[PDB]
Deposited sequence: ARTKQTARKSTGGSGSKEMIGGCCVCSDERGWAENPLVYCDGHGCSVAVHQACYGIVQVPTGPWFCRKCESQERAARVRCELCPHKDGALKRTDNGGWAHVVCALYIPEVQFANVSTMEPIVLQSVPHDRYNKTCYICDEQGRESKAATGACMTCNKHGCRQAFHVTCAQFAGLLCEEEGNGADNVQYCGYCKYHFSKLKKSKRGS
């Protein structure tokens, strides 16, 4: 597999789940070899038990599922690191991690992603970011996390917060207003 195992920048992107650009000897950043696929994930961020000596393919590329059928059940963005769900669909690993009540059937392999126990309070929210970034039709879809500032009611999709730099590592996120004043 093509991997990065250090933080070194060659004298000659980052993880889809955790956004870290560095790799480790015991936790490499592995790059999907699927055609036109740009997934890169840490072994531990994606549940790769054995990094192959040959090519490595993410689960979506392995499935060769129709590109029309590859969609996260929990957010409106495709691309990124996906696993199959218990309901016969797909979901981002990052969405699974940052929506509190989502689980994995196996935490070593991090799959399938289990949605059966999400309560309806993740599902009746509106993503304020989608409402801001020209995605008004998708803002009320999928599942939102809530700002981790106690009492805040701002809600947002995990991936939308991820793209906005509003997640942090317990897996939580803050609306932009409240994130600005948090000591990083």
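Where C-alpha coordinates are absent, the deposited sequence of this PDB chain has the segments 13 to 20, 178 to 186, 202 to 206.
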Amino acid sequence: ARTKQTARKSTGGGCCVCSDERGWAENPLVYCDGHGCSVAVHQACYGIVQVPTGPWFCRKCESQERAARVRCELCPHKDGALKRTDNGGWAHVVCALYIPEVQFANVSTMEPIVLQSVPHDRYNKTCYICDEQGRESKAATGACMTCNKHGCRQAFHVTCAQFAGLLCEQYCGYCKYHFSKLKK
From here on, numbers count along this sequence of modelled residues.
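Legend: mean Cα B-factor per stretch from the PDB entry, 58 to 66 versus 146 to 154; the higher mean is in 58 to 66. The stretch 73 to 81 shows the higher mean C-alpha B-factor when 73 to 81 is compared against 92 to 100 in the entry. Note on the listed residues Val39, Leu115, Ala140, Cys45: the highest Cα temperature factor in the record is that of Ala140. Annotation for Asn27: CA B-factor lies in the lowest third of the chain's modelled residues. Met110: CA B factor lies in the middle third for its chain, per the PDB record. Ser19: CA B factor lies in the middle third for its chain, per the PDB record. Ranked within its chain, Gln50 lands in the middle third, by CA B factor from the PDB record. Per the PDB record, residue ranking by Cα B-factor puts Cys168 in the highest third of the chain.
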